[PDB]
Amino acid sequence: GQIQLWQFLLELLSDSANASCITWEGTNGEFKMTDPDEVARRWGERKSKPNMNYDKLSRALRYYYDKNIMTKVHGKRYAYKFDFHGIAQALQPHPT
């Protein structure tokens, strides 16, 4: 609850215990979803939204492209790359 998808993914990636569903892989920023159904299952669970799937989660990721929060790793399947430009901005404080 309250939590951004970009934050949720950093959360999982920060602990190598979650390697079986998501893990850093490649250049600075690059990660891949080893089990995207499980990643999406947890994201629905977190948001109380049990019809969540990879196809919906990924549309969320795709919206991050214009926001410069992340970008697709072309050719690698389930792999994306966080972009510091937009994360820095997203990390800044906001009213509540």
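Position 1 is the first residue in the sequence shown; the rest follow in order.
Colleague: Could you say whether, by C-alpha temperature factor, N18 belongs to the lowest, middle or highest third of its chain?
Modeller: Middle third of the chain for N18's C-alpha B-factor.
Colleague: Considering every modelled residue of the chain and its Cα B-factor in the PDB entry, is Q2 in the lowest, middle or highest third?
Modeller: Highest third.
Colleague: Which third of the chain holds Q89 when residues are ordered by C-alpha B factor: lowest, middle or highest?
Modeller: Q89: CA B-factor falls in the lowest third of its chain.
Colleague: By the record's CA B-factor, is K76 among the lowest, middle or highest third of residues in the chain?
Modeller: For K76, the deposited C-alpha B-factor lands in the highest third.
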